[PDB]
Amino acid sequence: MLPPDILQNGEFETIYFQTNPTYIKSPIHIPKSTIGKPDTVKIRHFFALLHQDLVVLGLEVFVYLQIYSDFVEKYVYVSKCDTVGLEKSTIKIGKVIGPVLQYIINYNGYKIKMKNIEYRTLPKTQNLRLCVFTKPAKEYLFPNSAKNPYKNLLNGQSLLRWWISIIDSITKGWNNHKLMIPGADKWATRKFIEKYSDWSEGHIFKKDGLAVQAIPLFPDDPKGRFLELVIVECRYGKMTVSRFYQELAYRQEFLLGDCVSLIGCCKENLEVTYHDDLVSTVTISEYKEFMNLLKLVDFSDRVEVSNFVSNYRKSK
Ligand SMILES: CC(=O)SCCNC(=O)CCNC(=O)[C@H](O)C(C)(C)COP(=O)(O)OP(=O)(O)OC[C@H]1O[C@@H](n2cnc3c(N)ncnc32)[C@H](O)[C@@H]1OP(=O)(O)O
């Protein structure tokens, strides 16, 4: 997960846990009259880097397994990425995020219960989809950290360039790498990927038909937020994929936002061997309990942060 070469005294430690794999309804609407409907299994991943008693950064990633008879459609969605900045940075954040995200993408030791003692065996063929949105904000995970002396805030274009560099380095050889900047002319979007030969403009999802049957609705995703609206306004039987992305450009979040962007990469027909890797797994309630504790900590305050960390260590 993390290499000793970056740093290795014992100075830094990690928080890392997953939820127990949990069946959910598909984040992509599957028509009721469709054969070979897949089962969907979701796993939440939370990672934080600690230095001494302080949190340095955090990363939340959701993995969705669409399990078919002969293959898995595996979506990896970056939920949140954030830094604290209480101390002078001794390491480049991007060089921790990359490896952790790559580990999460490639993780295949999930203990999945049978669909209604005995765990389900997944198909060996997986098709990977990596989905990342870029949107600057003062804070995503760590309340009040924007006030901190060493928190570095990237503007939207800097943030996009940062994510492109990270994602490119961990998707080497993947079948595609897609960038969309809703509302931006294609020349402006092209400029971000001119030095990335394997990247092109657009998105990774099905191009035709209804948007709701092509695009996954991920939690707390600018794309998902519009999808939700389409569904509650019952425009879901009408709006195509192309029209969805056209109208997405005019959403307040995009049109008033700072280079809000959407990245998707795919790797097709990867043969995966199930590998047992023992990590801390928790119930959803335990996971949510942790996240709720998190949102109540003042991350501008060393005392509160150290206490949070102390309290976690005594737990497990
Ligand atoms: C919606 C989404 O999923 S995207 C959301 C992204 N997350 C956020 O916006 C949360 C708020 N923002 C942040 O927490 C940060 O700005 C992050 C996480 C985006 C990046 O943190 P950084 O510390 O900037 O990462 P990193 O350590 O790699 O620094 C990256 C660049 O900024 C420079 N930098 C880092 N710290 C500093 C600093 N204190 N002062 C000046 N420059 C700095 C690095 O040298 C590097 O510059 P280079 O491009 O010349 O190498």
# chains A, B, ... in the order shown; residues from 1 in each chain; ligands from 1
>>> closest_atom_pairs(of="range 67-141 of chain A", to="range 181-203 of chain A", cutoff="10 Å", atoms="only C-alpha atoms", output="Markdown table")
| residue | atom | partner | partner_atom | distance |
| --- | --- | --- | --- | --- |
| A:131 | CA | A:203 | CA | 9.6 |
| A:133 | CA | A:181 | CA | 9.8 |
| A:134 | CA | A:181 | CA | 9.5 |
>>> residues_near_ligand(ligand="ligand 1", cutoff="8 Å", atoms="only C-alpha atoms and all ligand atoms", output="count of residues only")
40
>>> residues_around(residues="residue 29 in chain A", least_positions_apart="2", cutoff="10 Å", atoms="only C-alpha atoms", output="VMD selection string")
chain A and resid 25 to 27 31 to 32 210 to 217 236
>>> residues_around(residues="residue 127 in chain A", least_positions_apart="5", cutoff="7 Å", atoms="only C-alpha atoms", output="short mmCIF file (atom, residue, chain, number, x, y, z; two decimals) with N, CA, C and O atoms, in the first residue's frame")
data_model
loop_
_atom_site.label_atom_id
_atom_site.label_comp_id
_atom_site.auth_asym_id
_atom_site.auth_seq_id
_atom_site.Cartn_x
_atom_site.Cartn_y
_atom_site.Cartn_z
N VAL A 72 -17.23 -9.29 -14.11
CA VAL A 72 -17.60 -8.23 -13.18
C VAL A 72 -17.36 -6.87 -13.84
O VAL A 72 -16.31 -6.65 -14.45
N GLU A 73 -18.35 -5.99 -13.76
CA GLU A 73 -18.14 -4.57 -14.09
C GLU A 73 -17.81 -3.87 -12.78
O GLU A 73 -18.67 -3.77 -11.89
N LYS A 74 -16.57 -3.41 -12.64
CA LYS A 74 -16.06 -2.92 -11.36
C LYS A 74 -15.82 -1.41 -11.45
O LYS A 74 -14.94 -0.96 -12.20
N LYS A 267 -10.35 -0.21 -18.09
CA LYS A 267 -9.48 -1.32 -18.46
C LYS A 267 -10.38 -2.54 -18.74
O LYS A 267 -11.08 -3.00 -17.85
N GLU A 268 -10.38 -3.03 -19.97
CA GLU A 268 -11.28 -4.13 -20.33
C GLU A 268 -10.64 -5.50 -20.22
O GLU A 268 -9.44 -5.67 -20.48
N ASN A 269 -11.46 -6.48 -19.83
CA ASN A 269 -11.10 -7.89 -19.87
C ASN A 269 -9.80 -8.22 -19.16
O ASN A 269 -8.90 -8.83 -19.72
N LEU A 270 -9.72 -7.80 -17.91
CA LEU A 270 -8.60 -8.11 -17.06
C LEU A 270 -8.88 -9.43 -16.35
O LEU A 270 -9.95 -9.61 -15.77
#
>>> closest_residue(among="A:274, A:299, A:110, A:287", to="residue 19 in chain A", atoms="only C-alpha atoms")
A:287
>>> closest_atom_pairs(of="range 26-56 of chain A", to="range 112-125 of chain A", cutoff="12 Å", atoms="only C-alpha atoms", output="Markdown table")
| residue | atom | partner | partner_atom | distance |
| --- | --- | --- | --- | --- |
| A:38 | CA | A:115 | CA | 11.2 |
| A:39 | CA | A:115 | CA | 8.1 |
| A:40 | CA | A:115 | CA | 10.1 |
| A:41 | CA | A:112 | CA | 8.0 |
| A:42 | CA | A:112 | CA | 9.8 |
| A:43 | CA | A:112 | CA | 9.9 |
>>> write_last_selection(atoms="C-alpha atoms", output="PDB file, in the first residue's frame")
ATOM      1  CA  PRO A  38     -26.223  -8.292 -12.204  1.00  0.00           C
ATOM      2  CA  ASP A  39     -25.938  -8.235  -8.408  1.00  0.00           C
ATOM      3  CA  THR A  40     -24.279  -5.086  -7.073  1.00  0.00           C
ATOM      4  CA  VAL A  41     -21.851  -5.157  -4.167  1.00  0.00           C
ATOM      5  CA  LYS A  42     -20.493  -1.970  -2.610  1.00  0.00           C
ATOM      6  CA  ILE A  43     -17.402  -1.505  -0.467  1.00  0.00           C
TER       7      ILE A  43
END
>>> closest_residue(among="A:50, A:111, A:126, A:310", to="residue 67 in chain A", atoms="only C-alpha atoms")
A:126
>>> select_by_dssp(residues="range 81-257 of chain A", states="strand (DSSP E or B)", output="list in words")
residues 81, 82, 83, 113, 119, 125, 126, 127, 128, 129, 130, 131, 132, 133, 134, 176, 177, 178, 179, 180, 199, 200, 201, 210 and 240 of chain A
>>> write_last_selection(atoms="N, CA, C and O atoms", output="short mmCIF file (atom, residue, chain, number, x, y, z; two decimals), in the first residue's frame")
data_model
loop_
_atom_site.label_atom_id
_atom_site.label_comp_id
_atom_site.auth_asym_id
_atom_site.auth_seq_id
_atom_site.Cartn_x
_atom_site.Cartn_y
_atom_site.Cartn_z
N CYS A 81 -11.20 13.60 -1.22
CA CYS A 81 -9.75 13.71 -1.03
C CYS A 81 -9.47 15.06 -0.38
O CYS A 81 -10.00 16.07 -0.83
N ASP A 82 -8.68 15.07 0.69
CA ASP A 82 -8.49 16.30 1.45
C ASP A 82 -7.20 16.26 2.28
O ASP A 82 -6.66 15.18 2.56
N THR A 83 -6.73 17.44 2.68
CA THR A 83 -5.54 17.57 3.50
C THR A 83 -5.81 18.46 4.70
O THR A 83 -6.78 19.21 4.70
N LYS A 113 -20.70 -12.21 0.91
CA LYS A 113 -21.67 -13.23 1.27
C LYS A 113 -22.46 -13.66 0.05
O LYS A 113 -22.58 -12.89 -0.91
N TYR A 119 -18.65 -17.83 1.41
CA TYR A 119 -18.50 -16.63 0.62
C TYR A 119 -18.61 -16.92 -0.87
O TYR A 119 -18.22 -18.00 -1.34
N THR A 125 -12.95 -12.60 -14.85
CA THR A 125 -12.86 -11.48 -15.79
C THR A 125 -13.46 -10.23 -15.15
O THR A 125 -14.62 -10.23 -14.75
N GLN A 126 -12.66 -9.17 -15.04
CA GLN A 126 -13.17 -7.88 -14.56
C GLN A 126 -12.91 -6.79 -15.59
O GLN A 126 -11.84 -6.75 -16.22
N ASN A 127 -13.89 -5.91 -15.75
CA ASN A 127 -13.72 -4.70 -16.52
C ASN A 127 -13.70 -3.52 -15.56
O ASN A 127 -14.68 -3.29 -14.85
N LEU A 128 -12.58 -2.81 -15.51
CA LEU A 128 -12.41 -1.72 -14.54
C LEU A 128 -12.91 -0.38 -15.09
O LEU A 128 -12.72 -0.08 -16.28
N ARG A 129 -13.55 0.40 -14.23
CA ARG A 129 -13.92 1.77 -14.55
C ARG A 129 -13.48 2.64 -13.37
O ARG A 129 -13.87 2.39 -12.23
N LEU A 130 -12.66 3.64 -13.64
CA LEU A 130 -12.25 4.56 -12.60
C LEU A 130 -12.93 5.90 -12.85
O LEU A 130 -12.76 6.48 -13.92
N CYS A 131 -13.68 6.39 -11.87
CA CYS A 131 -14.45 7.63 -12.00
C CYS A 131 -14.08 8.67 -10.95
O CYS A 131 -14.20 8.42 -9.74
N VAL A 132 -13.65 9.83 -11.42
CA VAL A 132 -13.16 10.88 -10.54
C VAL A 132 -13.70 12.22 -10.97
O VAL A 132 -13.58 12.57 -12.14
N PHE A 133 -14.28 12.99 -10.05
CA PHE A 133 -14.62 14.36 -10.43
C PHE A 133 -13.64 15.32 -9.76
O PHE A 133 -13.14 15.04 -8.67
N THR A 134 -13.34 16.44 -10.41
CA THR A 134 -12.46 17.40 -9.77
C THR A 134 -13.23 18.69 -9.53
O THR A 134 -13.86 19.24 -10.43
N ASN A 176 -8.92 3.22 -22.13
CA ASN A 176 -9.11 4.64 -22.39
C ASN A 176 -8.95 5.51 -21.15
O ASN A 176 -8.94 5.03 -20.02
N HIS A 177 -8.79 6.79 -21.41
CA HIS A 177 -8.65 7.80 -20.36
C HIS A 177 -9.44 9.00 -20.85
O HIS A 177 -9.05 9.63 -21.83
N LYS A 178 -10.56 9.31 -20.19
CA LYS A 178 -11.47 10.33 -20.70
C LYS A 178 -11.56 11.55 -19.79
O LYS A 178 -11.63 11.40 -18.58
N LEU A 179 -11.59 12.74 -20.39
CA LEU A 179 -11.75 13.97 -19.64
C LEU A 179 -12.90 14.78 -20.22
O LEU A 179 -12.93 15.02 -21.42
N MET A 180 -13.82 15.20 -19.37
CA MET A 180 -14.82 16.19 -19.77
C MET A 180 -14.81 17.38 -18.82
O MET A 180 -14.68 17.23 -17.61
N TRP A 199 -4.97 10.08 -23.50
CA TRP A 199 -6.19 10.75 -23.04
C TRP A 199 -6.95 11.42 -24.19
O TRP A 199 -6.34 11.93 -25.14
N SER A 200 -8.28 11.43 -24.09
CA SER A 200 -9.13 12.09 -25.09
C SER A 200 -10.35 12.70 -24.40
O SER A 200 -10.65 12.37 -23.25
N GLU A 201 -11.04 13.59 -25.10
CA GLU A 201 -12.20 14.25 -24.52
C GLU A 201 -13.42 13.34 -24.53
O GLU A 201 -13.60 12.54 -25.46
N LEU A 210 -31.03 6.20 -22.92
CA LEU A 210 -31.37 7.04 -21.79
C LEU A 210 -30.20 7.21 -20.85
O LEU A 210 -29.48 6.25 -20.54
N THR A 240 -31.61 11.64 -23.00
CA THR A 240 -30.52 10.83 -23.51
C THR A 240 -29.20 11.13 -22.82
O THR A 240 -29.07 12.13 -22.09
#
